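Novice: Give me a 3D structure for the following:
(chains A and B, ligands or ions: 1)
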2 protein chains.
Amino acid sequence: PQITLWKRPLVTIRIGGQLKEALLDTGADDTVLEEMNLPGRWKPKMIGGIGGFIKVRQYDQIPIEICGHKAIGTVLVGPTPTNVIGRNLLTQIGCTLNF
Amino acid sequence: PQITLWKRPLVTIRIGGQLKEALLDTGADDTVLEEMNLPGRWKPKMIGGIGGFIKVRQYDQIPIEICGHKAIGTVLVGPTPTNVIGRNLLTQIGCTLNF
Ligand SMILES: C[C@H](c1ccccc1)[C@H](C[C@H](O)CN1CCN(Cc2cccnc2)C[C@H]1C(=O)NC(C)(C)C)C(=O)N[C@H]1c2ccccc2C[C@H]1O
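Specialist: Numbers count the residues shown, from 1 in each chain, chains lettered A, B, ... in the order given. Right below this line is the structure:
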């Protein structure tokens, strides 16, 4: 689909049989979701943004459905202000910026 | 043009007669630029990102060019690690997200 930007680009995602809302974020290198439970082993990691750095849990090869399109990649979980879908998954679904 | 997301979507912008590299960020509601001495009056403001809030200076009706596309709007100036073009300006140049 084609998404305009007069409103935040939010979409529904399906992760672990759970529905959630996320922001399509081209300025984010990675994908971060609010604190939640995910199966599998996770490794501690730190990511920085405006404001500073935070500690997150890193899950690898996680299947995630974004607005109908399937993806499988790294998902970070931690105290983020909102669920963000980064470039690592945006590229998996063939997402581009146009103008 | 059409921009892929394999790399950070960086483009050239011109503001205050200066050429700078900026990140096209669909996840940012506002536009944030690295510290610079713009002329004109401004208002103090706090904006929050991944790891907290940073204090910035708000300049209104600032003319700015993004890849040869002229636009004008609000710009925040502060200690941001990188220049960020938010949705307030992306909409002006008819930028869309597509997949
Ligand atoms: C320019 C940022 C950057 C910093 C350093 C290096 C490159 C880019 C970039 C910004 C995010 O695209 C957008 N981000 C999403 C979450 N919400 C949250 C919010 C916070 C407070 C109030 N409302 C909403 C904040 C919003 C944001 O930072 N907005 C502004 C107006 C303050 C600019 C960002 O945070 N990037 C990092 C990043 C992000 C997620 C996962 C991994 C990584 C690594 C980095 O690429």
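Novice: Can you tell me which residues in chain A are near the ligand?
Specialist: Within chain A, the positions near the ligand by CB under 6 Å from any ligand atom are A:25, A:27-30, A:32, A:47-50, A:81-82, A:84, A:86. Every C-beta, even on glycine, is put in place using the N, C-alpha and C of the backbone.
Novice: hmm, try it at 8 Å
Specialist: Proximity of chain A to the ligand is confined to A:23, A:25-32, A:47-51, A:76, A:80-82, A:84, A:86 under the rule CB under 8 Å from any ligand atom.
Novice: so which of the residues you listed are also by chain B?
Specialist: A:23, A:25-29, A:32, A:47-51, A:80-81, A:84 (CB under 8 Å from any CB of the partner chain).
Novice: What subset of those is buried?
Specialist: A:23, A:25, A:26, A:27, A:28, A:32, A:47, A:49, A:50, A:51, A:80, A:84 (16 or more other CB atoms under 10 Å in any protein chain shown).
Novice: Can you mark which positions in stretch A:43-60 are buried?
Specialist: Buried residues in stretch A:43-60, counted by 16+ other CB under 10 Å: A:47, A:49, A:50, A:51, A:54, A:56, A:57, A:58, A:59.
Novice: how far away is residue A:29 from residue B:5?
Specialist: Using CB to CB, to the nearest Å, we find residue A:29 at a distance of 10 Å from residue B:5.
Novice: shared neighbours of the two, anything?
Specialist: Counting by CB atoms under 8 Å, 6 or more residues apart in numbering or on different chains, the common neighbours of residue A:29 and residue B:5 are residue A:87.
Novice: which residues touch the residue lying closest to residue A:84 once chain neighbours are set aside?
Specialist: Take residue A:84 and drop its neighbours on the chain: the residue closest to it by CB to CB, 6 or more residues apart in numbering or on different chains is residue A:25, 4.6 Å away. Taking CB under 8 Å, 6+ apart, we find residue A:25 in contact with A:9, A:84, A:85, A:86, B:25, B:26, B:27.
Novice: Filter the buried ones among the ones next to chain B among the residues of chain A next to the ligand down to the ones in helices?
Specialist: Among these, no member falls in helices (DSSP state H).
Novice: May I see those arranged in JSON lines, with distance to residue B:37 as well?
Specialist: Below are those laid out as JSON lines (distance: CB to CB, whole Å):
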{"residue": "A:23", "distance to residue B:37": "32"}
{"residue": "A:25", "distance to residue B:37": "30"}
{"residue": "A:26", "distance to residue B:37": "29"}
{"residue": "A:27", "distance to residue B:37": "25"}
{"residue": "A:28", "distance to residue B:37": "29"}
{"residue": "A:32", "distance to residue B:37": "34"}
{"residue": "A:47", "distance to residue B:37": "31"}
{"residue": "A:49", "distance to residue B:37": "25"}
{"residue": "A:50", "distance to residue B:37": "21"}
{"residue": "A:51", "distance to residue B:37": "23"}
{"residue": "A:80", "distance to residue B:37": "33"}
{"residue": "A:84", "distance to residue B:37": "32"}
